[PDB]
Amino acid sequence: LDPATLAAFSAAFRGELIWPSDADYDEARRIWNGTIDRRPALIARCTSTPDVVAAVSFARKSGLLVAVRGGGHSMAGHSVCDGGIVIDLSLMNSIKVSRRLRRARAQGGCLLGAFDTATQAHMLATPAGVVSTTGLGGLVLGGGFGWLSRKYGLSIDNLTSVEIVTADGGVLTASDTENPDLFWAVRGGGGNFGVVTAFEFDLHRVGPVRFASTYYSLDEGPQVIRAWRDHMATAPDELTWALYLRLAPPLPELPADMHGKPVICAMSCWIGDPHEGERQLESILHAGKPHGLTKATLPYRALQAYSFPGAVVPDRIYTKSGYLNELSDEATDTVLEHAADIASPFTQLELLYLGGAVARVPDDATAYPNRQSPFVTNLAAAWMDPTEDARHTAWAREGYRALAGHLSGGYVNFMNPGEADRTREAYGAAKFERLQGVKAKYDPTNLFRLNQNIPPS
């Protein structure tokens, strides 16, 4: 690099720089998806909005490929690059909560767990994903859903404004009253339009929630899934009920006989009065014979911390995901036969139901696509051994292929590293080309292209 520019950048940067020669480089460059092994020229750990301005201008002037990293959970591996700069936000994880306002301001590098901790100090909360180690940054920019979404919508449905650094180094506010074209785009358009350094959210009061997790044999697979899809079609918003097909974990609540064998793990909660929730959950817990039933009344922060129970975190991941408008009987049996071939104990075939509040938002209100498709399926292969990559990748691909016509769209936040060309299909032509128009205005050179990328014009 040009020393003057490198020196210039350094003069303006108060964070920590990690070079390939430094000691925390190999670990700083690893992301959650360990199949992605890349070596940046530079890792810039920003500590403030001025730091990110300096890093973005440096990358622009040097012509370095820009990776932005929040929590490192990209299933496509977008948060690390070969030979470019990582704009790493993981040290910007402060959150200010006003109890009086029911508002949270969170930095771009926050983890969900920290966010939930800070808001639950006041018994407040807003929708986010179910794994607490996930970064707020990439989750919100792609939409973000979890236990609270059927009641309160997507994370973007509770976003009130952002502070964002654009590719030319300027700091902008985006809200419904300031740069509203940009505010439209960041609500579902990913990292395409700049580095969000602050997210502001509306918060809701969420007290203890009745929660249940249990396991069904695949022998009862057809009636469980059918009961689930039938019930969710008319369920109240307060009910969330998700199915995860997987090998049974060797946990004491399940008989040793079931351990390591394909099962349906069913998790459900009631967002509302726990007494009503006890009644609602028990009415849906017995479509199959429930094994290893755990029922609890949990602080919301404890529900957020629950997924998923297990001795390790898988090192290698490959996901194939899409939406469904209906889950047909043919589609049910296909999921069940593919679940029966699960090989790794970390792999999950996820069946999620959204709808509710998410569905109620007008389709063009944000850049998030496919609100009106209630089902999400995610074949989430996960494993350890690098020499078994092909078998696990193959399980997720062929499951996806067997379902293909039932599936439409795609959640940008579940895309794998080979799915760069799924961007148009995911958004649809209308949203895609409106996003292209916002990109030509705020990122005309496509400085931000490590994402489900939207080329300008």
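Each residue number is its position in the shown sequence, starting from 1.
Stretch comparison (380 to 388 versus 278 to 286) by mean CA B-factor in the PDB entry places 278 to 286 on top.
The PDB entry reports B-factors from which the mean C-alpha value can be compared for 432 to 440 and 21 to 29; the larger average falls on 21 to 29.
In the deposited coordinates, the residue among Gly34, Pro40, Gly63, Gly70 with the greatest CA B-factor is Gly63. Within the listed group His122, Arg316, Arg210, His338, the record reports its top CA B-factor for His338. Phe183: CA B factor in the middle third of modelled residues in this chain (values from the PDB entry). Looking at the C-alpha B-factors along this chain, the one for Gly138 belongs to the lowest third. Per-chain ranking of the deposited C-alpha B factor places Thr214 in the highest third. Among the modelled residues of its chain, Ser307 has a C-alpha B-factor that falls in the highest third, as given in the PDB entry. Among all modelled residues in this chain, the alpha-carbon of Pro262 has a temperature factor (C-alpha) in the middle third.
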